[PDB]
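Notes follow once the structure below has been shown.
Since every read-out is calculated from the coordinates, none of them should be taken as a lab result. Note that we place each Cβ from the backbone using ideal geometry, even for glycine, and neighbour counts take in every protein chain shown.
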2 protein chains.
Amino acid sequence: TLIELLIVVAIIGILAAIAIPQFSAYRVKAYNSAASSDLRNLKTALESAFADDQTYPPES
Amino acid sequence: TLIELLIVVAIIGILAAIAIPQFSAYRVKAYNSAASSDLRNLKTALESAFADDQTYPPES
């Protein structure tokens, strides 16, 4: 019936706007926490290399 | 932390090589100075025995 096809339309419009959130910060935090962990790891690498050669490794 | 166990290893290696000296001459000199003193003592014994018997003692 036409009234049924007037409520189908009235629910499609509702379920098409459910305040979809932006997933931008929630991922840049992950990127940042990857970089920070990587740096804290690289520090271990550097300080072990010094304890090998009494010198931090040359660049490149 | 792993870095602490990288410096413990770096100090154990240092304190395991401190140029340990050879104690060979420093003891053979003592042995020699014992033998020399003994001989200088035996000379007194011999020369007293002669002043007893007008003759140095027979061997063995």
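What separates the A:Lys43 label point from its copies, with the point 7 Å along Cα to Cβ, is 7.5 nm, written shortest first.
Cα axis of helix B:25-53 to longest principal axis of chain B: angle in degrees, 0 to 90, nearest 10? The angle comes out near 10 degrees. Ignoring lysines fewer than eight residues from B:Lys43 along the same chain, the ones with Cα atoms less than 28 angstrom from its Cα are B:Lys29. Pair-distance distribution of chain A: all C-alpha pairs, bin width 5 Å, starting at 0; shares per bin in whole percent are 4, 13, 10, 9, 8, 7, 7, 6, 6, 5, 5, 5, 5, 4, 3, 2, 1, 0. Between the residues B:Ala25, A:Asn41, B:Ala45, the greatest Cα displacement towards the positive end of the dipole of the protein assembly as shown, with unit charges on the Cβ of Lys, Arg, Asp and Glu, is found for A:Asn41.
Label point of B:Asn32 (7 Å along Cα→beta-carbon): distances to the other copies' equivalent points are 7.7 nm, sorted ascending.
Across the identical copies, the 7 Å label point of B:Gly13, projected outward along Cα→Cβ, sits 7.6 nm from its counterparts, in ascending order. Quick one: if the Förster radius is 35 Å, what FRET efficiency do A:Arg27 and B:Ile20 give, using the C-beta to C-beta distance and rounding to 0.05? Efficiency, rounded to the nearest 0.05: 0.05.
How many Å³ per residue does the convex hull of the Cα positions in the protein assembly as shown occupy?
Cα convex hull per residue, to the nearest whole number: 274 Å³.
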